[PDB]
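Q: For reference, the structure I am asking about is given below.
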Amino acid sequence: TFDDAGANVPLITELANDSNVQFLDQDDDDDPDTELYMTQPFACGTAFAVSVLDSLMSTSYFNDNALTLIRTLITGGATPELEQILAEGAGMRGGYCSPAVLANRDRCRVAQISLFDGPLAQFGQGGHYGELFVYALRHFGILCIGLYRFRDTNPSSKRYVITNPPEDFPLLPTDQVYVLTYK
Amino acid sequence: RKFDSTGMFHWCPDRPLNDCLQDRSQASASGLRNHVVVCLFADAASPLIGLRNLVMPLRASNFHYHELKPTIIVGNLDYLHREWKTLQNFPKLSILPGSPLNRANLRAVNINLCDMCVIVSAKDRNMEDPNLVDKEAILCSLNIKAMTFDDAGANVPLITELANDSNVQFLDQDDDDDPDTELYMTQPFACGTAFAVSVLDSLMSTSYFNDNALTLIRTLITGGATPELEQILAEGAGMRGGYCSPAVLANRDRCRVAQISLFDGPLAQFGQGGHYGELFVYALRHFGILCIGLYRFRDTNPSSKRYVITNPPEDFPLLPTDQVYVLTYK
Amino acid sequence: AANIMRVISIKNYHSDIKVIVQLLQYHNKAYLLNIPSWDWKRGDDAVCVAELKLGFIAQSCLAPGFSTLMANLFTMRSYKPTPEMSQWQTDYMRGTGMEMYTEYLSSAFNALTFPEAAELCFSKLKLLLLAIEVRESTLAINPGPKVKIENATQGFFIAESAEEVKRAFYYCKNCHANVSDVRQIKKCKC
Ligand SMILES: [Ca+2]
Ligand SMILES: [Ca+2]
Ligand SMILES: [Ca+2]
């Protein structure tokens with residue numbers, strides 16, 4: 001308790017055994033028949049476990065550049081030159097740099113924008129995903145790749161991911177949108 | 001100069017290790033060239049490998065002090081404290097702490113300018129797995145061959161002490177690996193870049209059947225460790241010694257094994273088309289030098305690898321790129 | 001250490017084999033980089049479960065939930081609606097069905113800027129386009145109006161399956177593709 005809270009604080013837990021995911025949460029109807037990706041803590045993004053990476057072996061054989069796309073997003077830009085520089089055993093060297101290289105200080109980041117207030121709010125009140133996608137890319141140069149929606153509406157704080165919803169998918173003013181943005 | 005009590009080795013008074021200890025800045029500030037690097041793998045707990053036996057032949061008194069190859073050991077500091085008690089009487093010796101796999105350590109000792117790098121491991125074989133037992137010696141050998149040294153790489157001279165002979169497969173490429181092949185036939189052994197303790201196991205026989213042939217070996221490979229020196233060491237004082245009588249200093253002349261190139265120099269003549277035989281004769285005759293074999297390039301027409309040829313036939317053709325193993329008195 | 005040996009043994013047998021290796025600690029990845037034939041440009045790779053795990057979790061600090069976005073994106077799964085499953089679970093499940101795929105954009109995309117090509121994919125094709133291979137080779141994520149689609153540009157897409165993404169290859173522009181059941185899209189005469 002943090003009075004001048006509690007279950008409202010944002011958490012992510014790295015699990016070592018996936019089946020221990022049952023104990024991270026309540027009001028969630030635990031069943032060990034259920035594989036990790038279907039469980040409520042994983043759908044909410046509060047639970048990560050190393051097992052969900054084991055498909056990356058396949059993805060490499062079948063699309064190497066899709067792993068390089070992952071590696072560039074999730075590392076924030078660890079290029080082959082940096083791991084060469086680290087393999088030289090000196091540690092990260094570096095100091096004020098040429099504006100030249102500094103040019104790469106502009107990269108796409110994944111980010112979250114809320115539809116509660118702001119230009120996009122309009123789409124929030126009844127709009128459909130589709131509209132947003134278009135308006136956004138068009139006016140702001142921002143791709144929308146999914147939603148982070150409250151699980152309860154009518155009352156817990158938990159939200160869940162929705163990857164790339166349909167064009168006619170209805171929005172709520174409380175939704176948050178995952179986006180790729182250049183600034 | 002000072003020498004040990006039998007005059008067989010160059011010598012210096014004791015010293016604490018911190019006199020020979022260096023960091024990377026000190027190593028790279030020192031003018032290390034034509035030196036020997038020992039890449040030592042050890043835990044602080046590992047058994048003593050006896051590096052005195054490595055350093056001592058490189059300090060035989062039949063070398064002038066200016067031609068003694070300086071020596072730097074890269075490895076675990078706590079292990080080297082335990083061993084230093086044996087090393088402390090040899091001159092031109094240095095220690096750089098930390099892993100030999102660390103490319104900065106290697107770059108700081110000028111690894112590209114050494115006359116040889118020795119990869120040696122001291123860690124235990126209490127390890128159950130015959131594939132993992134050499135993993136550091138293999139990784140170190142490969143790591144050194146991959147570096148770049150622009151103002152190189154696979155051109156730097158290496159010798160690797162293997163703990164399991166069958167791991168010799170991984171030391172080299174373009175070599176057609178086959179585990180049916182016993183160690184002495186493999187390319188790394190024929191090139192002299194790979195040594196393993198198994199090739200010594202015949203020395204039991206050689207002793208029973210010719211004791212003096214082992215004493216001939218022992219006098220060459222140790223640089224002259226006589227029975228009197230191992231008596232003096234068994235007294236538990238360590239190597240005593242100081243400036244010595246010219247008398248004993250007389251033994252500062254012994255035969256050494258050495259390498260002479262037929263590229264330029266008096267013997268060059270034989271190089272251009274001659275046959276081994278001729279050289280043997282000319283040499284012994286004019287220089288008092290026996291020729292006992294050749295160290296020939298494997299590729300001609302283009303890699304740097306060379307191979308040994310023990311005592312070739314009289315009519316065996318020479319090349320201007322050959323190097324000759326010789327026994328020489330000066 | 002055992003997996004580094006294997007990689008050493010495989011490369012020792014023949015250099016040009018593409019090797020993909022799983023590592024459980026980044027501090028060991030270096031070793032592999034030295035093997036004298038690891039060539040990232042050739043295809044060799046090292047999926048490091050540490051680098052990736054902690055990485056995903058990091059991204060989730062900057063954008064909560066991301067790690068469950070991406071993890072689902074890189075595992076193959078068909079959508080399977082059922083009774084006995086809540087509204088939020090059906091929406092989540094539909095999302096877990098999608099995976100990342102890659103395909104060559106059709107000739108109809110030539111000289112489009114990337115934003116209008118991506119708009120065209122979402123609106124007509126029912127595919128989401130993230131990124132393109134730009135010809136030397138490089139990968140560009142959501143590039144601005146300055147970048148235009150060259151011939152045989154490879155795109156990266158999110159879709160329910162490989163059968164879905166092929167529409168972006170067969171799409172023949174206004175020469176054929178003007179009917180709203182996307183299912184219709186198929187290899188045009190010219
Ligand atoms: Ca639970
Ligand atoms: Ca080999
Ligand atoms: Ca799918």
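By convention here, the chains of the structure tokens are called A, B, ... in the order presented, each chain's residues are numbered starting at 1, and ligands are numbered starting at 1 in the order presented.
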Using only C-alpha atoms, I'd like every residue of chain C that has an atom within 6 Å of chain A; please write them out as a PDB file with N, CA and C atoms, in the first residue's frame.

A:
```pdb
ATOM      1  N   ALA C  30      30.722 -14.285 -28.541  1.00  0.00           N
ATOM      2  CA  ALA C  30      31.873 -13.724 -29.167  1.00  0.00           C
ATOM      3  C   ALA C  30      32.661 -14.820 -29.729  1.00  0.00           C
ATOM      4  N   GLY C  55      15.852  -8.559 -24.131  1.00  0.00           N
ATOM      5  CA  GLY C  55      15.565  -7.508 -25.053  1.00  0.00           C
ATOM      6  C   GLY C  55      14.106  -7.265 -25.103  1.00  0.00           C
ATOM      7  N   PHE C  56      13.339  -8.299 -25.346  1.00  0.00           N
ATOM      8  CA  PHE C  56      11.928  -8.134 -25.464  1.00  0.00           C
ATOM      9  C   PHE C  56      11.456  -7.460 -24.221  1.00  0.00           C
ATOM     10  N   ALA C  63       7.173   0.263 -24.024  1.00  0.00           N
ATOM     11  CA  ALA C  63       5.834   0.148 -24.551  1.00  0.00           C
ATOM     12  C   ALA C  63       5.210  -1.057 -23.971  1.00  0.00           C
ATOM     13  N   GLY C  65       3.525  -4.339 -22.973  1.00  0.00           N
ATOM     14  CA  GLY C  65       2.847  -5.342 -23.750  1.00  0.00           C
ATOM     15  C   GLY C  65       3.507  -5.790 -25.004  1.00  0.00           C
ATOM     16  N   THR C  68       4.595  -9.521 -25.683  1.00  0.00           N
ATOM     17  CA  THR C  68       3.565 -10.454 -26.109  1.00  0.00           C
ATOM     18  C   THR C  68       3.069 -10.189 -27.531  1.00  0.00           C
ATOM     19  N   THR C  75       5.786 -17.018 -34.088  1.00  0.00           N
ATOM     20  CA  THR C  75       5.440 -18.435 -33.920  1.00  0.00           C
ATOM     21  C   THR C  75       4.240 -18.791 -34.772  1.00  0.00           C
ATOM     22  N   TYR C  92      -8.002 -11.678 -28.620  1.00  0.00           N
ATOM     23  CA  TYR C  92      -6.614 -12.048 -28.422  1.00  0.00           C
ATOM     24  C   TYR C  92      -6.211 -13.182 -29.356  1.00  0.00           C
ATOM     25  N   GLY C  95      -5.648 -12.268 -32.939  1.00  0.00           N
ATOM     26  CA  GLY C  95      -4.334 -11.637 -32.957  1.00  0.00           C
ATOM     27  C   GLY C  95      -3.181 -12.637 -32.920  1.00  0.00           C
TER      28      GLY C  95
END
```

Q: Find the residues of chain C that sit at most 6 Å from chain B; for each, write down the nearest two atoms and how far apart they are in Å, to one decimal. Count only C-alpha atoms. Sort by chain, then by number going up, and give it as a Markdown table.

A:
```
| residue | atom | partner | partner_atom | distance |
| --- | --- | --- | --- | --- |
| C:34 | CA | B:143 | CA | 5.3 |
| C:35 | CA | B:142 | CA | 5.9 |
| C:36 | CA | B:146 | CA | 5.7 |
```

Q: Store the residues picked out above, limited to C-alpha atoms, as a PDB file, in the first residue's frame.

A:
```pdb
ATOM      1  CA  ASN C  34      36.086 -15.705 -34.288  1.00  0.00           C
ATOM      2  CA  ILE C  35      35.676 -19.139 -35.757  1.00  0.00           C
ATOM      3  CA  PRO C  36      37.412 -18.473 -38.985  1.00  0.00           C
TER       4      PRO C  36
END
```

Q: Could you please select, counting only C-alpha atoms, the residues of chain B within 9 Å of chain A and state them as a PyMOL selection string?

A: chain B and resi 102-105

Q: Could those residues be written to a file, using C-alpha atoms, as a PDB file, in the first residue's frame?

A:
```
ATOM      1  CA  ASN B 102      40.800 -11.662 -24.684  1.00  0.00           C
ATOM      2  CA  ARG B 103      41.809 -10.038 -27.852  1.00  0.00           C
ATOM      3  CA  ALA B 104      43.103  -6.976 -26.111  1.00  0.00           C
ATOM      4  CA  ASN B 105      45.554  -8.941 -24.100  1.00  0.00           C
TER       5      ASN B 105
END
```

Q: As a list in words, please: every protein or nucleic acid residue near ligand 1 (cut-off 7 Å, counting only C-alpha atoms and all ligand atoms).

A: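 Listing the residues within 7 Å of ligand 1 gives residues 22, 23, 24, 25, 26, 27, 28, 29 and 30 of chain A.
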
Q: Those same residues - N, CA, C and O atoms - I'd like them written as a PDB file, in the first residue's frame.

A:
```pdb
ATOM      1  N   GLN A  22       0.568 -19.913 -13.640  1.00  0.00           N
ATOM      2  CA  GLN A  22      -0.692 -20.024 -12.909  1.00  0.00           C
ATOM      3  C   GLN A  22      -0.739 -19.114 -11.683  1.00  0.00           C
ATOM      4  O   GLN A  22      -1.772 -18.531 -11.374  1.00  0.00           O
ATOM      5  N   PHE A  23       0.379 -18.995 -10.971  1.00  0.00           N
ATOM      6  CA  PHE A  23       0.438 -18.328  -9.680  1.00  0.00           C
ATOM      7  C   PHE A  23       0.625 -16.815  -9.770  1.00  0.00           C
ATOM      8  O   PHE A  23       0.498 -16.136  -8.761  1.00  0.00           O
ATOM      9  N   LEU A  24       0.913 -16.263 -10.951  1.00  0.00           N
ATOM     10  CA  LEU A  24       1.139 -14.828 -11.100  1.00  0.00           C
ATOM     11  C   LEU A  24      -0.128 -13.996 -10.935  1.00  0.00           C
ATOM     12  O   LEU A  24      -0.034 -12.800 -10.677  1.00  0.00           O
ATOM     13  N   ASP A  25      -1.306 -14.580 -11.107  1.00  0.00           N
ATOM     14  CA  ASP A  25      -2.563 -13.842 -11.202  1.00  0.00           C
ATOM     15  C   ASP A  25      -3.761 -14.633 -10.646  1.00  0.00           C
ATOM     16  O   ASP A  25      -3.706 -15.855 -10.502  1.00  0.00           O
ATOM     17  N   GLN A  26      -4.846 -13.934 -10.328  1.00  0.00           N
ATOM     18  CA  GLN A  26      -6.112 -14.477  -9.833  1.00  0.00           C
ATOM     19  C   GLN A  26      -7.255 -14.139 -10.802  1.00  0.00           C
ATOM     20  O   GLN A  26      -7.043 -13.493 -11.823  1.00  0.00           O
ATOM     21  N   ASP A  27      -8.473 -14.606 -10.524  1.00  0.00           N
ATOM     22  CA  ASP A  27      -9.650 -14.423 -11.388  1.00  0.00           C
ATOM     23  C   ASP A  27      -9.404 -14.804 -12.864  1.00  0.00           C
ATOM     24  O   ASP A  27      -9.932 -14.186 -13.784  1.00  0.00           O
ATOM     25  N   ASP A  28      -8.576 -15.828 -13.074  1.00  0.00           N
ATOM     26  CA  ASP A  28      -7.995 -16.196 -14.363  1.00  0.00           C
ATOM     27  C   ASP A  28      -8.175 -17.675 -14.739  1.00  0.00           C
ATOM     28  O   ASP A  28      -7.755 -18.070 -15.822  1.00  0.00           O
ATOM     29  N   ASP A  29      -8.820 -18.490 -13.901  1.00  0.00           N
ATOM     30  CA  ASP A  29      -9.200 -19.879 -14.204  1.00  0.00           C
ATOM     31  C   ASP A  29      -8.035 -20.746 -14.724  1.00  0.00           C
ATOM     32  O   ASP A  29      -7.998 -21.181 -15.873  1.00  0.00           O
ATOM     33  N   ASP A  30      -7.053 -20.981 -13.859  1.00  0.00           N
ATOM     34  CA  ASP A  30      -5.840 -21.752 -14.142  1.00  0.00           C
ATOM     35  C   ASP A  30      -6.127 -23.188 -14.606  1.00  0.00           C
ATOM     36  O   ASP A  30      -6.916 -23.904 -13.987  1.00  0.00           O
TER      37      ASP A  30
END
```

Q: Here is a test: counting only C-alpha atoms, which residue of B:137, B:279, B:183, B:17 is nearest to residue 161 of chain B?

A: B:137

Q: Taking only C-alpha atoms and all ligand atoms into account, list the residues no farther than 7 Å from ligand 3, as a PDB file with N, CA and C atoms, in the first residue's frame.

A:
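What landed in part.pdb:
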```pdb
ATOM      1  N   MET C  76       4.297 -19.876 -35.509  1.00  0.00           N
ATOM      2  CA  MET C  76       3.219 -20.161 -36.413  1.00  0.00           C
ATOM      3  C   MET C  76       2.013 -20.646 -35.675  1.00  0.00           C
ATOM      4  N   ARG C  77       0.865 -20.034 -35.918  1.00  0.00           N
ATOM      5  CA  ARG C  77      -0.359 -20.488 -35.320  1.00  0.00           C
ATOM      6  C   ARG C  77      -1.604 -20.133 -36.105  1.00  0.00           C
ATOM      7  N   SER C  78      -2.441 -21.098 -36.437  1.00  0.00           N
ATOM      8  CA  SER C  78      -3.748 -20.831 -37.049  1.00  0.00           C
ATOM      9  C   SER C  78      -4.751 -20.363 -35.990  1.00  0.00           C
ATOM     10  N   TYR C  79      -5.666 -19.456 -36.326  1.00  0.00           N
ATOM     11  CA  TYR C  79      -6.782 -19.096 -35.441  1.00  0.00           C
ATOM     12  C   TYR C  79      -7.813 -20.226 -35.352  1.00  0.00           C
ATOM     13  N   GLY C  97      -3.103 -15.521 -34.091  1.00  0.00           N
ATOM     14  CA  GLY C  97      -3.049 -16.221 -35.358  1.00  0.00           C
ATOM     15  C   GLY C  97      -2.068 -15.569 -36.327  1.00  0.00           C
ATOM     16  N   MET C  98      -1.923 -14.251 -36.301  1.00  0.00           N
ATOM     17  CA  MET C  98      -1.059 -13.597 -37.264  1.00  0.00           C
ATOM     18  C   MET C  98       0.415 -13.841 -36.997  1.00  0.00           C
ATOM     19  N   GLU C  99       1.191 -13.955 -38.061  1.00  0.00           N
ATOM     20  CA  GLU C  99       2.636 -14.100 -38.016  1.00  0.00           C
ATOM     21  C   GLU C  99       3.303 -13.173 -39.022  1.00  0.00           C
ATOM     22  N   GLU C 160      -2.328 -13.604 -41.547  1.00  0.00           N
ATOM     23  CA  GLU C 160      -2.678 -14.884 -40.933  1.00  0.00           C
ATOM     24  C   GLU C 160      -1.892 -16.080 -41.487  1.00  0.00           C
ATOM     25  N   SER C 161      -1.368 -16.031 -42.708  1.00  0.00           N
ATOM     26  CA  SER C 161      -0.600 -17.134 -43.276  1.00  0.00           C
ATOM     27  C   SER C 161       0.121 -16.744 -44.559  1.00  0.00           C
TER      28      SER C 161
END
```

Q: Among segment 13-150 of chain A, which ones does DSSP place in helix (DSSP H, G or I), written as a ChimeraX atom specification?

A: /A:18-24,36-38,40-44,50-53,56-62,64-75,80-87,99-105,121-124,129-140

Q: Contacts of residue 172 of chain C at 8 Å or less, counting only C-alpha atoms, minus same-chain residues fewer than 5 places along, as a list in words?

A: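 Within the cut-off, the hits are residues 106, 107, 108, 177, 188 and 190 of chain C.
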
Q: Quick one: DSSP strand (DSSP E) residues in chain C, as a VMD selection string?

A: chain C and resid 20 to 23 45 to 48 99 to 104 128 to 134 138 to 141 154 to 159

Q: Write the residues of the preceding selection, restricted to C-alpha atoms, as a PDB file, in the first residue's frame.

A:
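result-v1.pdb, written as the output of this step:
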```
ATOM      1  CA  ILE C  20      22.170 -21.445 -37.150  1.00  0.00           C
ATOM      2  CA  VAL C  21      23.016 -21.988 -33.470  1.00  0.00           C
ATOM      3  CA  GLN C  22      21.174 -21.437 -30.214  1.00  0.00           C
ATOM      4  CA  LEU C  23      23.198 -19.801 -27.386  1.00  0.00           C
ATOM      5  CA  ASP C  45      23.354 -16.719 -37.132  1.00  0.00           C
ATOM      6  CA  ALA C  46      23.191 -17.143 -33.475  1.00  0.00           C
ATOM      7  CA  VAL C  47      19.929 -16.841 -31.773  1.00  0.00           C
ATOM      8  CA  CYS C  48      20.900 -15.901 -28.256  1.00  0.00           C
ATOM      9  CA  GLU C  99       2.636 -14.100 -38.016  1.00  0.00           C
ATOM     10  CA  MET C 100       5.362 -12.186 -39.865  1.00  0.00           C
ATOM     11  CA  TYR C 101       5.920 -13.173 -43.545  1.00  0.00           C
ATOM     12  CA  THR C 102       7.961 -11.694 -46.426  1.00  0.00           C
ATOM     13  CA  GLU C 103       7.148 -11.438 -50.140  1.00  0.00           C
ATOM     14  CA  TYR C 104       8.033  -9.514 -53.336  1.00  0.00           C
ATOM     15  CA  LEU C 128      -0.108  -4.864 -43.030  1.00  0.00           C
ATOM     16  CA  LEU C 129       3.259  -3.830 -44.579  1.00  0.00           C
ATOM     17  CA  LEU C 130       6.015  -2.791 -42.087  1.00  0.00           C
ATOM     18  CA  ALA C 131       9.288  -2.638 -43.946  1.00  0.00           C
ATOM     19  CA  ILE C 132      11.173  -3.101 -47.225  1.00  0.00           C
ATOM     20  CA  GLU C 133      14.479  -4.429 -48.473  1.00  0.00           C
ATOM     21  CA  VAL C 134      16.173  -1.422 -50.195  1.00  0.00           C
ATOM     22  CA  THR C 138      19.652  -2.712 -46.425  1.00  0.00           C
ATOM     23  CA  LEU C 139      16.373  -3.097 -44.430  1.00  0.00           C
ATOM     24  CA  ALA C 140      14.150  -0.004 -43.870  1.00  0.00           C
ATOM     25  CA  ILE C 141      11.309   0.038 -41.253  1.00  0.00           C
ATOM     26  CA  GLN C 154      10.837  -7.418 -50.945  1.00  0.00           C
ATOM     27  CA  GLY C 155       8.317  -6.382 -48.241  1.00  0.00           C
ATOM     28  CA  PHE C 156       7.796  -7.617 -44.655  1.00  0.00           C
ATOM     29  CA  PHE C 157       4.162  -8.205 -43.702  1.00  0.00           C
ATOM     30  CA  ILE C 158       1.932  -9.311 -40.834  1.00  0.00           C
ATOM     31  CA  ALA C 159      -0.796 -11.719 -41.991  1.00  0.00           C
TER      32      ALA C 159
END
```

Q: Listing only residues of chain C within 10 Å of ligand 2, what is the closest atom pair and its distance in Å (to one decimal) for each, using only C-alpha atoms and all ligand atoms, sorted by chain and residue number ascending, as JSON lines?

A:
```
{"residue": "C:8", "atom": "CA", "partner": "ligand 2", "partner_atom_place_in_ligand_line": "1 (Ca)", "distance": 9.8}
{"residue": "C:9", "atom": "CA", "partner": "ligand 2", "partner_atom_place_in_ligand_line": "1 (Ca)", "distance": 8.5}
{"residue": "C:11", "atom": "CA", "partner": "ligand 2", "partner_atom_place_in_ligand_line": "1 (Ca)", "distance": 9.4}
{"residue": "C:12", "atom": "CA", "partner": "ligand 2", "partner_atom_place_in_ligand_line": "1 (Ca)", "distance": 5.5}
{"residue": "C:13", "atom": "CA", "partner": "ligand 2", "partner_atom_place_in_ligand_line": "1 (Ca)", "distance": 7.2}
{"residue": "C:14", "atom": "CA", "partner": "ligand 2", "partner_atom_place_in_ligand_line": "1 (Ca)", "distance": 9.6}
```

Q: Can I get the selection written as a PDB file, in the first residue's frame, with N, CA, C and O atoms?

A:
```pdb
ATOM      1  N   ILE C   8      32.125 -25.377 -34.499  1.00  0.00           N
ATOM      2  CA  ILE C   8      33.506 -25.550 -34.947  1.00  0.00           C
ATOM      3  C   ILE C   8      33.617 -26.815 -35.781  1.00  0.00           C
ATOM      4  O   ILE C   8      34.149 -26.766 -36.879  1.00  0.00           O
ATOM      5  N   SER C   9      33.084 -27.939 -35.316  1.00  0.00           N
ATOM      6  CA  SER C   9      33.198 -29.205 -36.030  1.00  0.00           C
ATOM      7  C   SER C   9      32.497 -29.190 -37.382  1.00  0.00           C
ATOM      8  O   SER C   9      33.049 -29.645 -38.378  1.00  0.00           O
ATOM      9  N   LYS C  11      31.786 -26.440 -39.282  1.00  0.00           N
ATOM     10  CA  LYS C  11      32.540 -25.554 -40.170  1.00  0.00           C
ATOM     11  C   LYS C  11      33.878 -26.159 -40.582  1.00  0.00           C
ATOM     12  O   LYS C  11      34.289 -25.984 -41.722  1.00  0.00           O
ATOM     13  N   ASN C  12      34.537 -26.909 -39.702  1.00  0.00           N
ATOM     14  CA  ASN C  12      35.755 -27.653 -40.024  1.00  0.00           C
ATOM     15  C   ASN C  12      35.526 -28.671 -41.141  1.00  0.00           C
ATOM     16  O   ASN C  12      36.404 -28.864 -41.973  1.00  0.00           O
ATOM     17  N   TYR C  13      34.363 -29.307 -41.192  1.00  0.00           N
ATOM     18  CA  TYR C  13      34.051 -30.257 -42.246  1.00  0.00           C
ATOM     19  C   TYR C  13      33.813 -29.584 -43.598  1.00  0.00           C
ATOM     20  O   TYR C  13      34.371 -30.020 -44.603  1.00  0.00           O
ATOM     21  N   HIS C  14      33.032 -28.503 -43.641  1.00  0.00           N
ATOM     22  CA  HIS C  14      32.837 -27.698 -44.847  1.00  0.00           C
ATOM     23  C   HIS C  14      32.431 -26.264 -44.506  1.00  0.00           C
ATOM     24  O   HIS C  14      31.394 -26.026 -43.905  1.00  0.00           O
TER      25      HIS C  14
END
```

Q: When you look at residue 38 of chain B with a cut-off of 10 Å (counting only C-alpha atoms), what residues show up, excluding the ones that are within fewer than 5 positions of it in the same chain? I need them as an mmCIF file with N, CA, C and O atoms, in the first residue's frame.

A:
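Saved the output as selection29.cif:
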```cif
data_model
loop_
_atom_site.group_PDB
_atom_site.id
_atom_site.type_symbol
_atom_site.label_atom_id
_atom_site.label_comp_id
_atom_site.auth_asym_id
_atom_site.auth_seq_id
_atom_site.Cartn_x
_atom_site.Cartn_y
_atom_site.Cartn_z
ATOM 1 N N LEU B 51 56.160 -24.648 -15.647
ATOM 2 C CA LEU B 51 56.592 -23.836 -16.754
ATOM 3 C C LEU B 51 58.048 -23.551 -16.685
ATOM 4 O O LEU B 51 58.587 -22.967 -17.586
ATOM 5 N N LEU B 54 59.566 -24.972 -19.669
ATOM 6 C CA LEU B 54 59.395 -24.202 -20.897
ATOM 7 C C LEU B 54 60.412 -23.060 -20.940
ATOM 8 O O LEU B 54 61.101 -22.885 -21.935
ATOM 9 N N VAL B 55 60.550 -22.294 -19.854
ATOM 10 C CA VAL B 55 61.445 -21.136 -19.845
ATOM 11 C C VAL B 55 62.915 -21.542 -19.858
ATOM 12 O O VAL B 55 63.718 -20.913 -20.533
ATOM 13 N N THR B 71 60.237 -13.209 -22.949
ATOM 14 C CA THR B 71 59.099 -14.108 -22.769
ATOM 15 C C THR B 71 58.009 -13.413 -21.995
ATOM 16 O O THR B 71 58.282 -12.849 -20.941
ATOM 17 N N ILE B 72 56.772 -13.493 -22.459
ATOM 18 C CA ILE B 72 55.632 -12.956 -21.730
ATOM 19 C C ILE B 72 54.552 -14.009 -21.579
ATOM 20 O O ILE B 72 54.164 -14.650 -22.545
ATOM 21 N N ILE B 73 54.068 -14.209 -20.364
ATOM 22 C CA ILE B 73 53.037 -15.196 -20.070
ATOM 23 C C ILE B 73 51.728 -14.455 -19.877
ATOM 24 O O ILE B 73 51.646 -13.535 -19.070
ATOM 25 N N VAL B 74 50.699 -14.854 -20.604
ATOM 26 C CA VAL B 74 49.344 -14.333 -20.483
ATOM 27 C C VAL B 74 48.527 -15.395 -19.774
ATOM 28 O O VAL B 74 48.484 -16.524 -20.250
ATOM 29 N N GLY B 75 47.906 -15.091 -18.640
ATOM 30 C CA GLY B 75 47.186 -16.103 -17.868
ATOM 31 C C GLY B 75 46.722 -15.663 -16.485
ATOM 32 O O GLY B 75 46.814 -14.496 -16.114
ATOM 33 N N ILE B 95 54.777 -10.957 -17.059
ATOM 34 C CA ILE B 95 53.451 -11.541 -16.855
ATOM 35 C C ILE B 95 52.382 -10.496 -17.135
ATOM 36 O O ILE B 95 52.439 -9.401 -16.589
ATOM 37 N N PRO B 100 43.867 -15.476 -22.072
ATOM 38 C CA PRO B 100 44.447 -15.435 -23.402
ATOM 39 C C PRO B 100 43.414 -15.317 -24.521
ATOM 40 O O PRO B 100 43.769 -14.931 -25.623
ATOM 41 N N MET B 116 57.266 -17.261 -31.597
ATOM 42 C CA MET B 116 56.164 -18.205 -31.499
ATOM 43 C C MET B 116 55.222 -17.889 -30.350
ATOM 44 O O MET B 116 55.644 -17.423 -29.297
ATOM 45 N N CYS B 117 53.956 -18.230 -30.521
ATOM 46 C CA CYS B 117 52.984 -18.297 -29.456
ATOM 47 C C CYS B 117 52.748 -19.751 -29.050
ATOM 48 O O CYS B 117 52.462 -20.597 -29.889
ATOM 49 N N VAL B 118 52.869 -20.055 -27.764
ATOM 50 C CA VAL B 118 52.614 -21.374 -27.201
ATOM 51 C C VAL B 118 51.265 -21.344 -26.520
ATOM 52 O O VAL B 118 51.106 -20.664 -25.516
ATOM 53 N N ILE B 119 50.305 -22.116 -27.001
ATOM 54 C CA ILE B 119 49.046 -22.326 -26.303
ATOM 55 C C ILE B 119 49.211 -23.553 -25.432
ATOM 56 O O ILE B 119 49.485 -24.639 -25.938
ATOM 57 N N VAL B 120 49.036 -23.397 -24.132
ATOM 58 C CA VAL B 120 49.139 -24.485 -23.167
ATOM 59 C C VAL B 120 48.029 -24.379 -22.142
ATOM 60 O O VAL B 120 47.694 -23.299 -21.668
ATOM 61 N N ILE B 159 52.095 -22.977 -31.602
ATOM 62 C CA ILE B 159 52.103 -24.384 -31.219
ATOM 63 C C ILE B 159 51.063 -24.619 -30.138
ATOM 64 O O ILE B 159 50.963 -23.846 -29.197
#
```

Q: What is the distance, in Å and to one decimal place, between atom CA of residue 180 of chain C and atom CA of residue 109 of chain C?

A: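 So the answer is 18.7 Å.
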
Q: Record the distance separating atom CA of residue 282 of chain B and atom CA of residue 268 of chain B, expressed in Å with one decimal.

A: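 About the pair atom CA of residue 282 of chain B and atom CA of residue 268 of chain B: they are 11.5 Å apart.
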
Q: Neighbours of residue 28 of chain B within 12 Å (only C-alpha atoms; same-chain residues fewer than 6 positions away dropped), as a PyMOL selection string?

A: chain B and resi 22+72+96+104-111+113

Q: So, with only C-alpha atoms as the atoms that count, which of A:124, A:139, A:132, A:35 lies closest to residue 171 of chain A?

A: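 Of A:124, A:139, A:132, A:35, the one nearest residue 171 of chain A is A:124, counting only C-alpha atoms.
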
Q: Considering only C-alpha atoms, return as a ChimeraX atom specification whatever protein or nucleic-acid residues lie within 12 Å of residue 64 of chain B, sequence-local ones (same chain, fewer than 3 positions apart) excluded.

A: /B:1,3,9-10,58-61,67-69,252-253,330

Q: If we count only C-alpha atoms and set the cut-off at 7 Å, which residues sit around segment 310-313 of chain B, ignoring sequence neighbours fewer than 2 positions away in its own chain? Please answer as a ChimeraX atom specification.

A: /B:292-294,308,315-316

Q: Go ahead and dump the residues you just picked, C-alpha atoms, as a PDB file, in the first residue's frame.

A:
```
ATOM      1  CA  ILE B 292      69.321 -33.249 -40.060  1.00  0.00           C
ATOM      2  CA  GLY B 293      66.204 -32.324 -42.110  1.00  0.00           C
ATOM      3  CA  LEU B 294      64.145 -29.744 -44.043  1.00  0.00           C
ATOM      4  CA  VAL B 308      59.139 -31.398 -41.553  1.00  0.00           C
ATOM      5  CA  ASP B 315      69.649 -37.046 -54.238  1.00  0.00           C
ATOM      6  CA  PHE B 316      66.636 -35.143 -52.746  1.00  0.00           C
TER       7      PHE B 316
END
```
